[PDB]
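In structure tokens, one chain follows: the form deposited in one PDB entry.
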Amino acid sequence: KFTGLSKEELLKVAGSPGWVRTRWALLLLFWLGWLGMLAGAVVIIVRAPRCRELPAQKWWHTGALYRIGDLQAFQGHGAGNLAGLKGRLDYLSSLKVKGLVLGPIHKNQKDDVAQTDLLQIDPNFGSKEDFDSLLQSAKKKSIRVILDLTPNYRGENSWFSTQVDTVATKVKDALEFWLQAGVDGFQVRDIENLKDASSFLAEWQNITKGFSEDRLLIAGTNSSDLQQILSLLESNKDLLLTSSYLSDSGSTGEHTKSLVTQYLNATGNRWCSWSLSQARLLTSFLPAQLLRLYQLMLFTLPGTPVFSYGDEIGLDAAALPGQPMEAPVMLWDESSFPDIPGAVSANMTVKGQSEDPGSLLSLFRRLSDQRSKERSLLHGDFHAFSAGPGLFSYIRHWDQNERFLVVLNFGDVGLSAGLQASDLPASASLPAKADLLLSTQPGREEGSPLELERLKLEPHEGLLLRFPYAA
């Protein structure tokens, strides 16, 4: 009618046979093309591989633990009890820690066994109605509380060098009593002085897991050789065991790589605990240039990282006179240490380091945020590969998620990377370039993609490169 025919002459012309055959053929062709595309989508969906099942993690698989040895040296004088511990539970939420290993708070006189009760709190830390208040206040912030039950924590021999099995029956009786009050785990330290240790640990593990499967039991030795550690872990295998296995080196990267790979190969790639001691700080073993390099390693290895209080600010008991090394004073502010008013600086405090974006606490917060979030660091797979003289380089990769490449230079002089990979399976091989998430030293652009053949490492530097699932 406007630029075409009208109804009359159209139905006159376009009603002939042949013109009906064409439109019926085109309708049949449309529906055959639709049923071709549907079967194409089906055989594309079927020829997609699969994707893997999540390994049903616990709560201590998710982030780090935080050991608080002395409760008085954590806050200070006056408020050195369990009621004052409730005020710091948002600083602990800033660190994104998932657990809290409270020190031994029970009534221990001294080496008399009969005057040591594990069911009663010493009055210098508070009472039980303060303790369950702390527990309920920590449950609100998603923080679990672990209770250390080492009996003779005021003497020199922690398991009472006199009578042996009677002091273990009162641990067996205390596990049940404290588990109904609502604690989420236990810790026993110095079990190289415990007689029949591998027999008692299996009994306490079967008691603790017989309550719930959301329950932890940590053990601690001062041992450093692998065959003595493996003797404790051959009967029970869900046991977390902190020790001084990585303490020895403080040194070259080939030895640290051999220690980590030999442990992971000897234990059969189980869930382990990565640490440097059972109760001590990182500055007791490492010089101050290797703290950032070890913090990057302990957050990116396949296990639970366990730290002490003050490890995020680099607390040092040999930098201030008149403090015990087993319990230094936590430098919250500039008024924390009352003697010698001026020995404490501003970069040695919590609030003085929460302002610097290139501090030590600012590295801890970024790494602890990255660990508790990404699936390749939560339950990824470990693969270390060969590199230059003094490097430790490895890769985490879960299924199809964002992969991670950690490059650590323990040496004193700089060198290149030389990442001759040649060893990884096809799901995690290196691309020609990768991002940069983090570096332990200033002087690099955090976010811009480098390429992994002219990578240079300056002294004591560590890198956290990143790349996605591709060819």
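Residue numbers here begin at 1 and follow the sequence given. Shifts are known only where both forms have a C-alpha. Definition used throughout: the rigid core is the maximal C-alpha set that superposes within 1.5 Å between two forms.
Just so you know, the form solved in complex with a partner chain exists too; it's not on screen, but the next bit is about it.
Contact check for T261: no non-hydrogen atom falls within 4.5 Å of the partner chain in the bound PDB entry. In the bound PDB entry, the partner chain sits beyond 4.5 Å of every heavy atom of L367.
A residue is said to contact a partner when one of its heavy atoms sits within 4.5 Å of a partner heavy atom; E254 meets this definition for the partner chain in the bound PDB entry. In the bound PDB entry, the partner chain sits within 4.5 Å of a heavy atom of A387.
With the partner omitted from this view, the residue of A56, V413, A432, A426 that lies near the partner chain in the bound PDB entry is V413 [heavy atom within 4.5 Å]. Rigid-core fit between the shown form and the other one: of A432, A426, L29, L54, the one residue whose Cα shifts 2 angstroms or more is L29. The Cα position of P104 differs by less than 2 Å between the shown form and the other one after fitting on the rigid core. Core-superposed comparison between the shown form and the other one: the C-alpha position of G250 differs by no less than 2 Å. If you compare C-alpha positions, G314 and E254 are 3 angstroms or more closer together in the bound PDB entry than in the form on display.
In the bound PDB entry, the CA atoms of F285 and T252 sit closer together than in the displayed form, by at least 3 angstroms. Regions where at least three consecutive shared residues each shift by 2 Å or more at the C-alpha between the shown form and the other one, after core superposition, span 21-32, 250-254.
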